[PDB]
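J.: How does the following fold in three dimensions:
(chains A, B, C, D, E and F)
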Amino acid sequence: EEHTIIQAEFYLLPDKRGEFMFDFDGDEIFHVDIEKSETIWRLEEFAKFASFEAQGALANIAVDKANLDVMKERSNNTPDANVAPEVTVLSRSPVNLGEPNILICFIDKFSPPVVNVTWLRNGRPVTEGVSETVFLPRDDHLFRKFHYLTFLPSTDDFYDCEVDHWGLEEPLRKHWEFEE
Amino acid sequence: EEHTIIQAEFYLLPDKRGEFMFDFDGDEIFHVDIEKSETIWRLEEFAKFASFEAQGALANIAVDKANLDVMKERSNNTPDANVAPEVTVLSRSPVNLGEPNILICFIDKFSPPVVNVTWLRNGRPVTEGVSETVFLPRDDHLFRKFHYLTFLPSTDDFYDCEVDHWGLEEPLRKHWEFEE
Amino acid sequence: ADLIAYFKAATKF
Amino acid sequence: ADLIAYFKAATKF
Amino acid sequence: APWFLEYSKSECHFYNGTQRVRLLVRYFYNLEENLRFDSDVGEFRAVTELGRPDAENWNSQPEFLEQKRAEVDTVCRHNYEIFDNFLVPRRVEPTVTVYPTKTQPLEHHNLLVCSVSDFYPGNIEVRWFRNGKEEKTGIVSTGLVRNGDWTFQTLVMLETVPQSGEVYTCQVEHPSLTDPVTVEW
Amino acid sequence: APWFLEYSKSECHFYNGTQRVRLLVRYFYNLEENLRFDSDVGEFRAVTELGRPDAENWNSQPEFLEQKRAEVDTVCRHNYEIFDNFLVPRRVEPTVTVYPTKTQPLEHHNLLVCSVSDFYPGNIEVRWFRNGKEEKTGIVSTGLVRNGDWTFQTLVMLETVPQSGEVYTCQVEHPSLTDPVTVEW
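T.: Residues are numbered from 1 along each chain as shown, chains lettered A, B, ... in the order given. Pasting the structure now:
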């Protein structure tokens, strides 16, 4: 057996956002909804085999809230550069006209862990039939993140994944169209 | 068997002070040194029969730090009055001339949990051979606190316990002298 | 000499 | 379906 | 001067060993208890308006409410078993001393003091006897003085006009004593 | 724009079941890993200057350092046993499909694609056979694509000039398969 169990958490600023989550062999097992103080399984099925007390994680984050204030003064002019993300868009499963599929917009190697992603269908903002994962950890100090969009394959329509990040000059835009 | 185990903690402001402690039948079992991040047994002997991980308590306090900010806005003009403390001074054990003893300055029923106590020997500030307990809980919402001073019984010397609190007009001052 | 368990506070949103 | 234990963070003084 | 306090007491109440346990969590904000959690209730109970939000929010977290109810086992029971080893059984013999005083006018003496100090636990009996007969009136007590250092002290006085030939005896019974201690005067 | 990030990864590494466990805690502040805690080391190890204070402070707390080392049992082992029930054993059969493409000039065809999708776990074998003989060169892969939803996908292509009479067969071996799947073209 060769397995990995990662527990990642963090707090950001100015954004004032925190995260807490578990990873098993590169996949998310679940994370904790800071706001809603609840556990979110990455797959429904997972709930029936385990349980977690979210206030615990919230505690940790409070910890990290404070810690960050310390770290800011401790460094004195420590801030600096960031890491722009690499984006890739592709179909989740073989594409067959008429057969509903999913587009995956995969955001890689970046930090701080915060992005503005937008799905574009024929240049139009799609907000229905979309989903996203929290920020996932990598072997290093940067993050990864998935975005999804359900769609109906067509030979005449085109899609774009628009990602915005501090490390970007202007919004990034990955294109994707069907090909038989 | 009839016993009580109380775990009390809190965070104050402006003072920016927190506390965490355990009580067993009205006595302190130990508390956690916020600053030093360590466990302080009220009696040496206690350490050999138990153990506690202080970071845990520190967590809780961080929790309470945040909670208080929420509580302040949640009330909107909630602050108001405080409870002045009742003070009593007396010997720990029968007093016999020449035989070292201890004066106990017992501060009762007050809040906020913060005081300025000073031991006075013949009107003089004593800072050596003194000790004090954290703030202890009561059946209600107020606190209690002990102060100690070691001394050499004499027919000609007099002692004073000077307590200062927000609920006090001017410093309170309890007197004590030996009597055969 | 086992550990003394505490009480996980809560976050007041 | 037992609980998933975490890691008690630490306070950076 | 304005002060703001977030305080919390988590009381574990034990009736006849761990047999009957009952958690009691009580929250305050300054001088007002505004929320509470009764083990035998199962959920948060606002006590004042300012304590509503939390009850509603915290009560809507079945995962969280699962935990709390657990604490009566997780913490209360848990810790009791540990303390049971040296706290519950702790005992310190009291030092018993007697002596007369005036307290009022003077000439002769009318206040006989039984001083019982440095003892634990707090439950104890101090009786006064005049020539073998227990004095049930004329007793004055200072009460059970807790010194904060896990030891108590107290004074039990008898009002009396001493008649030469009379032997007064203080009796002290306490868990840390095989047989009741006595002191005569 | 200035950003400040306090981040922490607590990695549990498992070698041959719970047999060999090893905690690995790593702290960062923005882009710099400045502290770490190696289970097989026993204590904090600054990695940069900014991570010294904590190592010194946290290392001087034998109560705290007692806990951490514990976590390899308390958490790592602990949770492994739970996940072992549905995570470790999770399996999803991949959908295997084959098809030709041009990729370059055109006329005829020179790229034979074996598309293997929606499967778990990630370890899998995809082999190409020409008339019974395994093609070991001319293979092109897209790699192991993780979809983030606990399922992978991949494409393994073969460069070839199709000679009528030749039967090409993709072979797929995977833990979720009793027998290796094949697809001919």
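J.: any idea where the helices of chain A begin and end?
T.: Here chain A has its helices, by DSSP state H, at A:54-75.
J.: Spell out which residues belonging to it are near chain D, please.
T.: Proximity of chain A to chain D, by Cβ under 8 Å from any Cβ of the partner chain, involves residues A:7, A:9, A:22, A:48-53, A:56-57, A:59-60, A:63-64, A:66-67, A:70-71, A:74. Every C-beta, even on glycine, is put in place using the N, C-alpha and C of the backbone.
J.: could you redo the last one with a cut-off of 6 Å?
T.: Proximity of chain A to chain D, by Cβ under 6 Å from any Cβ of the partner chain, involves residues A:7, A:49, A:50, A:51, A:52, A:56, A:60, A:63, A:67, A:70.
J.: Name the residues of stretch E:142-159 that come out as buried.
T.: For stretch E:142-159, burial by neighbour count (16 or more other Cβ atoms under 10 Å in any protein chain shown) applies to E:145-158.
J.: Just the buried subset of the residues of chain A next to chain D, please.
T.: For these, a burial check counting by 16+ other Cβ under 10 Å picks out A:7, A:50, A:52, A:56, A:60, A:63, A:67, A:70.
J.: Among these, which one lies nearest to chain B?
T.: residue A:63 (5.4 Å; Cβ to the nearest Cβ).
J.: helix/strand/coil for the spatially closest residue to that closest one that is not a sequence neighbour?
T.: Once flanking residues are discounted, residue A:63 sits nearest to residue D:9: 3.6 Å by Cβ to Cβ, 6 or more residues apart in numbering or on different chains. Following DSSP: H, G, I helix; E, B strand; the rest coil, residue D:9 is assigned to coil.
J.: How much space separates the closest residue to chain E within chain A from residue B:53?
T.: Distance from chain E to each residue of chain A (Cβ to the nearest Cβ) is smallest for residue A:53, at 4.9 Å. According to Cβ to Cβ, to the nearest Å, residue A:53 and residue B:53 sit 18 Å apart.
J.: Show me where chain E has its helices.
T.: All helices of chain E, identified by DSSP H, fall at E:52-59, E:62-71, E:78-83.
J.: Residue E:181 reaches residue E:172, doesn't it?
T.: Yes: using Cβ atoms under 6 Å, residue E:181 is in contact with residue E:172, at 4.4 Å.
J.: Are there residues contacting both of the two? Which ones?
T.: When contacts are counted by Cβ atoms under 6 Å, 6 or more residues apart in numbering or on different chains, residue E:181 and residue E:172 have residue E:96 as shared neighbours.
J.: Could you check which of these two is surrounded by more residues?
T.: Using other Cβ atoms under 10 Å in any protein chain shown, the more surrounded residue of residue E:181 and residue E:172 is residue E:172, with 21 against 17.
J.: how close does the more buried one get to residue E:94?
T.: Counting by Cβ to Cβ, the separation of residue E:172 from residue E:94 is 7 Å.
J.: For the residue nearest to residue E:152 when sequence neighbours are not counted, which phi and psi angles does the backbone take?
T.: Spatially, and ignoring its direct neighbours in sequence, residue E:152 is nearest to residue E:122 (5.3 Å; Cβ to Cβ, 6+ apart). The phi/psi pair for residue E:122 (degrees, to the nearest 10) reads phi -70, psi -30.
J.: how many neighbours does residue E:122 have?
T.: Residue E:122 sits with 16 neighbouring residues when counted by other Cβ under 10 Å.
J.: and chain E, which residues reach chain B?
T.: Near chain B, when you scan chain E using Cβ under 6 Å from any Cβ, you find E:1-12, E:14, E:16-17, E:28-29, E:31, E:33, E:50, E:82, E:85-87, E:97, E:115, E:117-118, E:147-148, E:150.
J.: Which entries within the residues you listed meet the buried criterion?
T.: By 16+ other Cβ under 10 Å, those give E:3-12, E:14, E:28-29, E:31, E:33, E:50, E:82, E:87, E:115, E:117-118, E:147-148, E:150 as buried.
J.: Show only the entries of the residues you listed found in strands.
T.: Mapping those onto strands (DSSP state E) picks out E:4-12, E:14, E:28-29, E:33, E:115, E:117-118.
J.: For residue B:76, see how far away the closest residue to residue E:184 other than its chain neighbours is.
T.: Among residues not flanking residue E:184 along the chain, residue E:169 sits closest, at 4.6 Å (Cβ to Cβ, 6+ apart). Residue E:169 is 65 Å from residue B:76, where distance means Cβ to Cβ.
J.: One more: residue A:10?
T.: 32 Å.
J.: Those two: which is more packed in?
T.: The neighbour comparison of residue A:10 against residue B:76 (other Cβ under 10 Å) goes to residue A:10, with 27 against 7.
J.: Now that one: closest residue in space that isn't a chain neighbour?
T.: Nearest one to residue A:10, counting by Cβ to Cβ, 6+ apart, is residue F:7 at 3.7 Å.
J.: Report the beta-bridge partners for that neighbour.
T.: Beta-bridge partners for residue F:7, by DSSP bridges, are residue A:10, residue F:28.
J.: and the nearest residue to residue E:83 once chain neighbours are set aside, how many neighbours?
T.: Of all residues beyond its chain neighbours, the one nearest residue E:83 is residue B:24 (6.1 Å), with distances taken as Cβ to Cβ, 6+ apart. Using other Cβ under 10 Å, the number of residues around residue B:24 comes to 21.
J.: surely residue B:24 meets residue E:86?
T.: No: assessed by Cβ under 6 Å, residue B:24 is found out of contact with residue E:86, at 10.3 Å.
J.: can you list residues touching both of these two?
T.: Common neighbours of residue B:24 and residue E:86 (Cβ under 6 Å, 6+ apart) do not exist.
J.: and chain A, which of its residues are near chain E?
T.: Residues of chain A that fall close to chain E, judged by Cβ under 6 Å from any Cβ: A:37, A:53, A:55.
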